[PDB]
Amino acid sequence: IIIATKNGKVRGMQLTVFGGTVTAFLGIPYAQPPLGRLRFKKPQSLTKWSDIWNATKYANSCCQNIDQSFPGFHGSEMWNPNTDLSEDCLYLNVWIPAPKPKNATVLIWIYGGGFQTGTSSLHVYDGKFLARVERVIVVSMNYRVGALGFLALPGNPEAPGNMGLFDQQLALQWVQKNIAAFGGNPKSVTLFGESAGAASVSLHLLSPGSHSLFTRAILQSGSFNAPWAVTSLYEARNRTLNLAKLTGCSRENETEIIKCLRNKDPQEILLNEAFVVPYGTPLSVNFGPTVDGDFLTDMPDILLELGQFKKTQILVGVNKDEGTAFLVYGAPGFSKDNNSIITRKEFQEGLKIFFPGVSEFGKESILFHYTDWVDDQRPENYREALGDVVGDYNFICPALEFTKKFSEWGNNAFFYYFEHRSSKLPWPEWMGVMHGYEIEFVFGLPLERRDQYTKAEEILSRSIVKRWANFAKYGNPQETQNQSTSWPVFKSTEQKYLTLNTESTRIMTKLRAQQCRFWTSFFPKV
Ligand SMILES: *[C@@H]1O[C@H](CO[C@@H]2O[C@@H](C)[C@@H](O)[C@@H](O)[C@@H]2O)[C@@H](O[C@@H]2O[C@H](CO)[C@@H](O)[C@H](O)[C@H]2NC(C)=O)[C@H](O)[C@H]1NC(C)=O
Ligand SMILES: *[C@@H]1O[C@H](CO[C@@H]2O[C@@H](C)[C@@H](O)[C@@H](O)[C@@H]2O)[C@@H](O[C@@H]2O[C@H](CO)[C@@H](O)[C@H](O)[C@H]2NC(C)=O)[C@H](O)[C@H]1NC(C)=O
Ligand SMILES: *[C@@H](O)c1ccc2cccc(OCCCN3CCN(CC#C)CC3)c2n1
Ligand SMILES: *[C@@H]1O[C@H](CO[C@@H]2O[C@@H](C)[C@@H](O)[C@@H](O)[C@@H]2O)[C@@H](O)[C@H](O)[C@H]1NC(C)=O
Ligand SMILES: *[C@@H]1O[C@H](CO[C@@H]2O[C@@H](C)[C@@H](O)[C@@H](O)[C@@H]2O)[C@@H](O)[C@H](O)[C@H]1NC(C)=O
Ligand SMILES: *[C@@H]1O[C@H](CO[C@@H]2O[C@@H](C)[C@@H](O)[C@@H](O)[C@@H]2O)[C@@H](O)[C@H](O)[C@H]1NC(C)=O
Ligand SMILES: CC(=O)N[C@H]1[C@H]([C@H](O)[C@H](O)CO)O[C@@](O)(C(=O)O)C[C@@H]1O
Ligand SMILES: *[C@@H]1O[C@H](CO)[C@@H](O)[C@H](O)[C@H]1NC(C)=O
């Protein structure tokens, strides 16, 4: 099976899936390798080739620091890259149904990982099940992360910022110019992503250069207005200069800093990224999106507030326990290996870990709003409060606020609350419905009966997959055949959302109302 693309022919491979076939094209390049003088620059267009490019294996993942906090543990290592790290990493994957479709809707996955980690080749991002079950085409790409993807000297084309977001965009461009040759409809393209991938999706809704490259958007546990998602121009320069100091690249001609940073090995850049700030937290994003004047024309909170974004349907949601995953990367008293019951003093110490540059008053106000107990003698009170602090501040309330503000300009929005803990979840039970552990349900992994998921999980995934596909194809995330709960539109007044679980799919209103009034309306003042 050979497909003629605009840059040359590519050969794929056949896959057996659920008694059927899916054609996979793993590792198609979509840009010149950003090497040498191209390091830190926007991705450059790809020159034609005259042979057959062999798209039969995942390509290199982009350079990044690896999680080494729990070596050997599947709960952390399932997120580490599973192909070679290299600056030569601008490749993408395509799964197409067999027989080749006629005008298939296209799903484009953008992975998360805090803009500093991630890769399209992870097992939980394998698009072959969606192509098999729903006959959509699934595209995913690698994009640069960390300083190599987001180092910013505003205005300087040698390091303009947002390079990794331009990587994503050049790949959406690739789908526009090429996907019809695979049987895809370039006019029916839905971006979806999780965590920083969702923040990326939300930023593509804002970027005028992305508006004609997709139709609809899905945002899983992430949005650009989350406190970790956008770096200010002030911090970005301070961090670029700090990186230069730590590498001996300090100059005065700012372009000379970049040239010096271009001769450093990826490792030396990587090992210094952590220290460009004085106080880090487990949620630090030292090198991420900025207002560059190119991808992002203004501070995105202003664009959202004033209606300057692509008018289309969105599907947004969050998981019950977004925050807990980050407590074992720093908060005192927490461990994946015990029940992590903490004291009031440990909670207080945890606030200092997560809100280091916040006034004593600000930190008191968090404690005040999250420690008025329904039972002062319940021992896990402080353990659960800190998880809720971190998840509400960093994920849930920004997603809800994004959805409110987006829906106020007339478009249909749909909001979900994912609350099923995977039966295979390797992390301990006190961490609950963790950040990122809906992804396998979205990609349909529980549909493989060989994988030790329960039967209730197979059916939950099956319904989620149908709802996602119906959203991509038709703008409406319903499951219309198996007498399902109808998913109502999220409006700013009633704020209805759908809960996703194995037991009862219910309609609820005003998720985390009191908590989010604190984070969205009071805490930005402190
Ligand atoms: C790209 O692939 C072609 C086709 O071979 C395919 O890939 C192999 C890994 C194997 O799985 C085959 O069954 C597939 O059909 C390669 O063509 C081969 O090229 C070598 C050297 O030119 C030649 O000795 C073989 O006879 C060719 N055919 C086969 C069936 O192997 C081609 O070389 C690949 N391009 C590369 C490696 O750059
Ligand atoms: C839960 O564990 C944390 C983490 O401690 C590590 O992991 C444990 C499972 C065990 O193997 C310890 O030996 C490890 O140090 C405990 O936090 C530590 O508690 C000790 C108690 O003396 C203290 O000296 C350390 O400073 C703590 N370290 C950190 C990083 O918090 C915690 O006490 C355990 N709690 C419960 C309820 O089991
Ligand atoms: C998701 O993209 C996201 C959002 C914010 C943020 C901030 C800092 C660091 C981040 O990623 C760190 C990667 C570690 N992460 C890997 C997965 N682990 C288990 C789970 C789920 C927990 C931590 C970051 N990422
Ligand atoms: C493919 O379809 C085009 C129509 O575009 C799409 O219709 C639905 C699927 C929406 O999701 C939205 O993307 C568009 O309205 C046709 O114009 C085109 O000719 C068709 N091409 C082929 C080869 O079938
Ligand atoms: C801006 O940068 C100042 C200088 O950073 C210092 O040197 C670099 C290499 C790192 O090692 C960093 O830890 C040092 O502090 C900071 O002192 C200053 O606090 C920064 N500004 C803000 C608001 O964080
Ligand atoms: C819908 O359910 C299918 C199997 O369930 C059977 O068929 C439906 C129509 C009802 O009659 C039910 O009582 C039966 O047990 C699944 O094979 C199919 O994947 C499901 N589809 C979705 C989108 O969830
Ligand atoms: C940097 C990198 O990943 N390089 C290459 C790898 C490895 O160098 C070798 O497998 C030995 O490690 O091998 C390939 O050539 C191959 O034939 O699949 C592909 C890839 O370009
Ligand atoms: C910095 O160096 C570049 C490349 O040599 C040059 O074009 C530019 O004019 C220089 N600017 C200053 C202020 O030295």
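Residue numbers in this text run from 1 along the chain shown.
Backbone N, Cα and C define each Cβ position, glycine as well.
Shown in sequence order, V10, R11 are the residues of the chain, 6+ apart in sequence, with a C-beta less than 8 angstroms from the C-beta of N54 (N-linked glycosylation site). Taken residue by residue with DSSP, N54 (N-linked glycosylation site) is part of a strand. Per Swiss-Prot, N-linked glycosylation site is recorded for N54 (among others), and the stated evidence type is experimental evidence.
For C62 (disulfide bond), the same-chain residues 6+ apart in sequence whose C-beta sits under 8 angstroms from its C-beta are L85, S86, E87, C89, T119, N142, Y143, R144, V145, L148, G149. Taken from Swiss-Prot, the feature disulfide bond applies to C62-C89 (among others).
Annotation for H435 (tacrine binding site): same-chain Cβ neighbours under 8 Å, separated by at least 6 residues, are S195, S221, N319, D321, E322, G323, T324, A325, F326, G391, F395. Sequence annotations record features per position, and here Swiss-Prot assigns tacrine binding site to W79, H435.
Swiss-Prot lists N103 (among others) with the feature N-linked glycosylation site. Listed in sequence order, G183, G184, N185, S188 are the same-chain residues at least 6 apart in sequence whose CB falls under 8 Å from the CB of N103 (N-linked glycosylation site).
Residues or ranges marked as substrate binding site in Swiss-Prot: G113, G114. Here the Cβ of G113 (substrate binding site) has 21 other Cβ atoms within 10 Å, regardless of which shown protein chain they belong to.
As annotated by Swiss-Prot, phosphoserine applies to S195, with the evidence given as experimental evidence. The local packing around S195 (phosphoserine), expressed as other Cβ atoms within 10 Å of its Cβ over all shown chains, amounts to 28.
If you look up Swiss-Prot, you'll see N238 (among others) marked as N-linked glycosylation site. Close to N238 (N-linked glycosylation site) in the fold, though at least 6 residues off in sequence, lie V276, each with a CB less than 8 Å from its CB.
Sequence annotations record features per position, and here Swiss-Prot assigns disulfide bond to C249-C260 (among others). When Cβ atoms from all protein chains are considered, those within 10 Å of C260 (disulfide bond) total 15, not counting its own. Following the DSSP three-state reduction, the secondary structure of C260 (disulfide bond) is helix.
With a 10 A radius on its CB, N253 (N-linked glycosylation site) counts 8 other CB atoms from all the protein chains. Under the heading N-linked glycosylation site, Swiss-Prot lists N253 (among others).
Annotation source Swiss-Prot lists N-linked glycosylation site at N338 (among others), citing experimental evidence. Counting only same-chain residues six or more apart in sequence, none has a Cβ lying under 8 angstroms from the Cβ of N338 (N-linked glycosylation site).
The disulfide bond annotation in Swiss-Prot covers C397-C516 (among others). The Cβ of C516 (disulfide bond) has 20 other Cβ atoms within 10 Å, all protein chains considered.
According to DSSP, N482 (N-linked glycosylation site) is assigned to coil rather than to any helix or strand. In sequence order, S463 are the residues near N482 (N-linked glycosylation site), counting only same-chain partners six or more apart with C-beta under 8 A. Marked as N-linked glycosylation site by Swiss-Prot: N482 (among others).
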Return the members of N238, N338, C516 (the recorded positions) with CB less than 6 angstroms from at least one atom of ligand 5, or none.
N238
Under 6 Å from ligand 2 by C-beta, which of these recorded positions make it: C89, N103, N338? Sequence order, please.
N338
Within a 10 Å radius of its Cβ, which of these disulfide-bonded residues (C89, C249, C397) has the fewest neighbouring Cβ atoms?
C249
State the Cα to Cα distance, in Å, between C516 (disulfide bond) and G114 (substrate binding site), rounded to an integer.
22
Please list residues from the chain of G114 (substrate binding site) whose Cβ is under 8 angstroms from its Cβ, counting only those at least six apart in sequence.
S195, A196, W228, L283, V285, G288
Write out the long-range same-chain contacts of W79 (tacrine binding site), meaning residues 6 or more apart in sequence whose Cβ is under 8 Å from its Cβ.
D67, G113, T117, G118, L122, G436
State the Cα to Cα distance, in Å, between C397 (disulfide bond) and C249 (disulfide bond), rounded to an integer.
40
Looking at the recorded positions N54, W79, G114, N238, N338, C397, which have a C-beta within less than 6 Å of some atom in ligand 6?
none
